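In the form deposited in one PDB entry, a lone chain appears below as C-alpha cells.
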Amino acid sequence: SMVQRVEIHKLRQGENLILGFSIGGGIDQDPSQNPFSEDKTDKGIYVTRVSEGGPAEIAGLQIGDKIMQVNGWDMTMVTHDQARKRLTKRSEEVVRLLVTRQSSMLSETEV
C-alpha cells in the first residue's frame, strides 16, 4: 500500500459546505463490517463512497482509501463521530488528508 496526500476544497451546497464522500469505521464500530479493509480488525476510518463529480473525486480521493490524518489531526484511533466532526468544520474551507491506498508508472524516454 501507498501513502497519498489529498487536498479537498469544499463546495457550498446552499448553506452547507461539503466534501463529496462518505466515511465508515472508527474505534467505536465493529470492524468486521468493513468490506474495504485487508485486516478485519482494522477499526480505522475508510472512504466508503465518493460522489461522482464532487470535490473529493476531483481531488483524487478513492473508495477504500484509509484516512490517516485530517489537517494535522491523527485519525487512526478516532471514533466515527470524531472523524465526522474533523471533516465537517463549517469554519474550514479546505481539508488536507493523508490517506493510505492498497495497490507501469515508470517515465521512459527514447533517446
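Residue indices: 1-based, along the sequence shown.
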Check your understanding: Can you say how many deposited residues have no coordinates in the span between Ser91 and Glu92, choosing none, 1 to 3, 4 to 9, or 10 or more?
Key -> none
Point to revise | Which of 30-38 and 58-66 has higher mean CA B factor, as the PDB entry lists it | key: 30-38
Check your understanding: Do the CA atoms of 21-29 or those of 5-13 have the higher mean B-factor in the entry?
Key -> 5-13
Exercise for review: Taking the chain's C-alpha temperature factors as the reference, tell me which third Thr109 falls into: lowest, middle or highest.
Suggested key: lowest
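Beyond the structure shown, there is the form deposited with a partner chain bound, which is absent from this document and is the topic of what follows.
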Practice item. Please run the contact check for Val99 against its partner chain in the deposited complex: heavy atoms, 4.5 angstroms, yes or no? Key: no
Exercise for review: Would you please decide whether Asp30 lies within 4.5 angstroms of its partner chain in the deposited complex, comparing each non-hydrogen atom pair?
Suggested key: yes
Review point. So, in the deposited complex, is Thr48 in contact with its partner chain at a 4.5 angstroms heavy atom limit?
Key: yes
